[PDB]
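Residue numbers (PDB author numbering), protein chains in the order written: chain Be, 2 to 45; chain BK, 1 to 132; chain BI, 4 to 99, 111 to 173; chain BJ, 6 to 143; chain BG, 1 to 176. For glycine and all other residues, C-beta sits at the position ideal for the given N, C-alpha and C. Input: a single structure, listed below in structure tokens.
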RNA sequence: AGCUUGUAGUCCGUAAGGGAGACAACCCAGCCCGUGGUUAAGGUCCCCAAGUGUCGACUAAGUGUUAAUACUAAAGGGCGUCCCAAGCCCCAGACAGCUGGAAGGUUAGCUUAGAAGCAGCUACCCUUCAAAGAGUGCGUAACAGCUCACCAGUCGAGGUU
RNA sequence: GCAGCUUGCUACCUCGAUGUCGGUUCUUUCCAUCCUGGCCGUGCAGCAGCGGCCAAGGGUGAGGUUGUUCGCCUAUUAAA
Ligand SMILES: [Mg+2]
Ligand SMILES: [Mg+2]
Ligand SMILES: [Zn+2]
């Protein structure tokens, strides 16, 4: 079930592309390894 | 599986030859392994009453001979005790060819079978005639 | 063989063709890249070396290929002029018994270098300077020595 | 008597060891459970855990758990305890957790060197915390 | 220009601030709050409706710490003056939920077919109120209300399925 | 390769005594016996003789606390922190936010119905006003608005490569 | 680049002797994790998969050929 708040606080985050750690949105640097490139958490 | 009221020693041993007591078409079988048994080092797998184990047909009709199948033990010569205090024993070991669930391929069983397999596997209970 | 097997300079040079025998060929096909007929690029940067070593020809070929791909993809086919400089004149030999008559036999070719000696050189316009730096940084990644980038001509333009 | 309230561990131990070796009456360290050990939390805990579980049962190193035992062991290393001089020195040291009844109200002094006020940052742990992390009821 | 490392806070009327020993104490119409803000190289003074905080060295660590302490002081005075609120919301597909306040905990019953109800702790005096599909969380301590909301959100997370298809629990529609 | 084979000097072999944790050949020193004195190498928190010495900075990792050395880890990266230089914008007002704007046309070329800024040619879609776009994304058959780029009012001191 | 768990290279110790390969019994150590515990991503609906991170407490068996280590095969097993 797709609801606004659930998607807001569940699948609205960026993912480090090396260690798979999830980060904030307005970021460009993994908080645990510092890798430059961050993708976005997969949608539907 | 579902627990039994009685306590059954594991008498028969992997390598034993049992006389199957149904009308499926086999006379003698060879216990290869016992379902749901881990074991420890140097210990041979062993089976008792109401234990599903894979066997091999040694004497019987040509089509059945050389076939790996499933079967359970219905009697054993090694004594075991009832819940309320008593020991029961038989003159000979026996086995019946069945499926994974418990439906026996034979529609007729010769001789008595222990009541505990009758409670664990109801189908063996119904297909039997005399229960002791 | 591994890269570090033939990378140090510990022994004399061994390059006279007429005395040794059976040197295998090379893979690097062209030593000039891009617009050769142009001579009006105001910026001329280059990749230099920080330490003496030996570079196999295969490493040079890989670096050239990667720099070519990057530069053509971003700057354009007519917007640069790359030129490799060092040619492999040395010869590499690999023993192949034990230590009995351990002298080796020719297996490849290598190009010795010297500290602060230019290897590559790229000329571009003013608008494609960052692409030139980006291209030259990947090429030095395949190279067996630490490498730094120096902007030789038009330093005031870019800086 | 010496009050170990807020003193560096090694500094205190070095001063006490030297002035035991010089030869005098015996010395008493009280409140030997809030002495300071400068350093980050995780590193201190890791090093003390490795020190604790290091021996063999018959003859291996038996590192103590109690806080005063740890302080005594720390002073024991700055001292020739195998010689006669060192053994005599070790016979005149008494470190107590809390305040023993007989030393109650006794006149105190401190080592002005080993002071936590003389530390740049707030990166330190107290000895009782390590004692309780090692599993000791004191 | 200058990299001066001083900060002012301009305390408002009502709050009786103090810096006895190290703990920083305030009191006002919305109860009282306490905190300790000791750190070497960073001195704080309270005087005339404002607390001045500064350092001595221009190292970036000192500057970060002075910013952090100024922010904490502002949040403390703001909390004691009026208070802080956090709003959340409930969502479910098939299994209705029984959010019930009992003691110092919030019990979540019947979460995704749940016989053992989950437990969420309440920190401090953070009074919470349940009303339909939303939860309001009052308080005077900012960290307290934040941590209470975080616990409530973290207890109700289903951790063996896909967020695309399962989305249930309590979510924060607006921070404190 | 603590491998093998050369060469100049000096050593061990055949070299005490002092210092390196112990150390054949590393540093000071080449040594008759006894007493006093001052130094070399090296050291001065305790073990251990003599500094919890002075001045100016750095490190937060127990990193390090290991002249040489057969005993000590590399390429690569770090908006970790401390410095130098060079450009660029700048209190008549730079950056991050608060804001809205992104209206003229268009629904771009598109056969599938439809990929109508986001499959596939093009070009700044306005003569014009800060803004106005062939245009990124939530949406998006196509779109559409929401609006990207891109400027404009707003704070009020340094910002940025 | 790491390890020294395969084979090489060297000849520093041992030829007035340091008793070889495999199996058996019994004890212990490492982690570079096969199962059991906890997490993250997915081209993860559920079941079951694929990839990675922490973790060495416990478990890791029975048989046919072969002297074999190694390896092939059989029926179980949470994994063998
Ligand atoms: Mg000599
Ligand atoms: Mg000597
Ligand atoms: Zn990462």
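Closest to residue 116/BG by C-alpha separation, out of 122/BG, 98/BG, 53/BG, 125/BG, would be which residue? With distances taken between CA atoms, residue 116/BG lies nearest to 98/BG out of 122/BG, 98/BG, 53/BG, 125/BG.
At a cut-off of 7 Å, would you count residue 19/Be as near ligand 3, judging by its Cβ distance to the nearest heavy atom? yes
I'd like the list of long-range same chain contacts for residue 82/BK, defined as Cβ closer than 7 Å, with 5 residues on each side in sequence excluded. 6, 88
Same chain only: Cβ atoms within 7 Å of residue 33/BG, ignoring 5 sequence neighbours per side: 26, 76, 79, 80, 140, 141
Under 9 Å, CB to CB, which of the residues in the stretch 36-55 of chain BG have a partner in chain BJ? 38, 39, 40, 41
If you measure from the beta carbon of residue 43/BJ to each beta carbon in chain BG, is any gap under 8 Å? Look at residue 43/BJ: its C-beta is not under 8 Å from any C-beta on chain BG.
Measure the CB-CB distance between residue 82/BG and residue 30/BG and report whether it falls below 8 Å. For the 8 Å CB-CB criterion, residue 82/BG and residue 30/BG form a contact.
Residue 105/BI - DSSP class collapsed to helix/strand/coil: A break in chain BI separates 99 from 111, and the residue in question, residue 105/BI, sits inside that break with no coordinates.
Can you tell which of 126/BI, 145/BI, 169/BI has the C-alpha that lies nearest to the C-alpha of residue 13/BI? 126/BI
Just the Cα atoms here: how many angstroms apart are residue 35/Be and residue 148/BI? 21 Å
Residue span of the alpha helix (DSSP H) that contains residue 24/BK, given as start and end: Segment: none, residue 24/BK is in no alpha helix (DSSP H) and carries neither H nor E.
Let me check understanding here. Comparing Cα to Cα, which of 57/BI, 39/BI, 65/BI, 131/BI lies closest to residue 30/BI? 65/BI
Residues in its own chain within less than 7 Å of residue 86/BJ by CB, not counting five upstream and five downstream? Result list for residue 86/BJ: 92, 95, in chain order.
Taking 7 Å as the cut-off, is the beta-carbon of residue 42/Be closer than that to any non-hydrogen atom of ligand 3? no
Taking one C-beta from the stretch 6-19 of chain BG and one from the stretch 30-47 of chain BJ each time, how about it: are there three or more such pairs within less than 8 Å? no
Residue 123/BJ (DSSP reduced to helix, strand or coil): helix
Same chain only: Cβ atoms within 7 Å of residue 74/BG, ignoring 5 sequence neighbours per side: 9
Nearest residue (CA-CA) to residue 128/BI, options 52/BI, 173/BI, 168/BI: 52/BI
Output the boundary residues of the alpha helix (DSSP H) element that contains residue 93/BJ. 89-95
So with CB distances below 7 Å, who are the chain BG contacts of residue 7/Be? 91, 167, 171
Below 8 Å on the Cβ atoms is my guess for residue 117/BK versus residue 74/BK; work out the distance and round it to an integer in Å. 6 Å
Considering only residues of the same chain and omitting the five flanking positions on each side of residue 172/BI, which have a CB-CB separation below 8 Å? 46, 140, 143, 165
Could you confirm whether any beta carbon from chain Be is found closer than 8 Å to the beta carbon of residue 163/BG? yes
Please find out if some non-hydrogen atom of ligand 3 comes closer than 7 Å to the beta-carbon of residue 14/Be. Residue 14/Be: no, Cβ never under 7 Å from ligand 3.
On a Cα-Cα basis, can you pick out the residue from 86/BI, 4/BI, 15/BI that is closest to residue 40/BI? 86/BI
Count the other C-beta atoms from every protein chain shown that fall within 10 angstroms of the C-beta of residue 127/BK, then say buried if there are 16 or more, exposed otherwise. buried
With residue 160/BG and residue 45/Be assumed to form a contact (beta carbons below 8 Å), what rounded beta-carbon distance in angstroms separates them? That pair is no contact at about 20 Å.
Under the rule that 16 or more other beta-carbon atoms within 10 Å means buried, what is residue 67/BJ, buried or exposed? Residue 67/BJ comes out exposed.
For residue 33/BI, write down the residues that DSSP places opposite it in a beta bridge. Residue 33/BI pairs with nothing; no bridge assigned.
Pair every Cβ in the stretch 11-27 of chain BK with every Cβ in the stretch 95-113 of chain BK, then say whether three or more of these pairs are closer than 8 Å. yes
CA nearest to the CA of residue 117/BI, picked from 69/BI, 17/BI, 11/BI, 6/BI: Across the set 69/BI, 17/BI, 11/BI, 6/BI, the C-alpha of 17/BI shows the shortest separation from the C-alpha of residue 117/BI.
Going straight from the alpha carbon of residue 19/Be to that of residue 68/BG, what length do you get? Whole-angstrom Cα-Cα distance: 32 Å.
Quick one: measure Cβ to Cβ for residue 156/BG and residue 111/BG, integer angstroms, because I've assumed they're closer than 8 Å. 6 Å
To the nearest angstrom, report how far apart residue 26/BK and residue 114/BG are at their CA atoms. 52 Å
Which word fits residue 15/BI, buried or exposed, when buried means at least 16 other C-beta atoms lie within 10 angstroms of its C-beta? exposed
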